[PDB]
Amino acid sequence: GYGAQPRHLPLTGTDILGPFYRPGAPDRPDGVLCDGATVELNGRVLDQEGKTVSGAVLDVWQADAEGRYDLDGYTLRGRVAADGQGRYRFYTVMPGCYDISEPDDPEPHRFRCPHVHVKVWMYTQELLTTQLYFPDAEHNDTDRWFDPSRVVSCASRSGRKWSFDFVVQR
């Protein structure tokens, strides 16, 4: 009956795909998205009941520190498998900001704040397309899509360990 049921967890919000998604990113068994990675993102994938989503995969892509995406290959792109308890871990660089205005647009141009793009998959089913953001980062105040509910949590004084739990609709 009603009495036994826990409160559901709020769903992680969606976000725009943007123009830089590329299918075919390799599975990254060690979670390393690029050479020289020093920043770790970790967390869990849960459903709305708080149950772990075993074997979920994060399909991740981002810009490099200069704000450039790899359009030719899979640097800073990868598929990261969550474990049997829904835990994931991947290693990357802090993504840089980048201009999304046309070059001749008047000043000031619009710059995106740092962000990581994530699709969550369960086998062939896409459960979520979203973006993760960072706290107190340049252009967070003006970016159209920045959302405080999708800011990763700082797990250490160093700024190299970040955590975020996904809540997906099964």
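For every residue, the number given is its place in the sequence shown, counted from 1.
- Taking the mean C-alpha B-factor of each stretch as recorded, 57-65 and 44-52 are not equal, and the higher mean is that of 44-52.
- On average the C-alpha atoms of 22-30 have higher B-factors than those of the other stretch, with 22-30 and 127-135 being the two compared.
- Of the residues listed, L76, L71, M94, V80, the entry assigns the biggest Cα temperature factor to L71.
- Among all modelled residues in this chain, the alpha-carbon of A37 has a temperature factor (C-alpha) in the highest third.
- Ranked within its chain, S156 lands in the highest third, by CA B factor from the PDB record.
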